[PDB]
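**Q**
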Amino acid sequence: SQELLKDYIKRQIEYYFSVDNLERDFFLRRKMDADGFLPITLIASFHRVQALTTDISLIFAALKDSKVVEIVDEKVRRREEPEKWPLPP
RNA sequence: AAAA
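Using the authors' numbering, the first residue of the first sequence is number 322, and each one after it goes up by one.
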């Protein structure tokens, strides 16, 4: 239900944080802090996430599971080697 | 917003 919806949200966001996407996603990388973190509310605005939900708690819940990303407070980053990805704004 |  919401469980199915959470799975779609989780895999969509995991794609954004995949190496294959990051190698070409200059916008996302310019919005990273030096440690790789982005506001979860920024990710929430992306078209394919917004299509699935506008419920921020479901977005947080969907990412709690994830082995691809790490959450610290309101921010999210790729778990593996996040500091290699940020770019100048 | 060529899955920012």
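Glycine included, C-beta positions come from ideal geometry on N, C-alpha and C.
Just to confirm my understanding: we take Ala383, look at its own chain, exclude 5 residues before and 5 after, and list those with CB closer than 6 Å. What are they?
**A** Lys327, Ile330, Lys331
**Q** Tell me whether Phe347 is buried or exposed, calling it buried when 16 or more other Cβ atoms sit within 10 Å of its Cβ.
**A** exposed
**Q** Would you report the Cα separation of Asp356 and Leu343, rounded to the nearest angstrom?
**A** Per the coordinates, the alpha-carbon of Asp356 lies some 15 Å from the alpha-carbon of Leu343.
**Q** Taking only the alpha-carbon atoms, compute the straight-line gap between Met353 and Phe381 and give it to the nearest angstrom.
**A** 18 Å
**Q** Can the beta-carbon of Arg351 be found closer than 8 Å to that of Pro403?
**A** no
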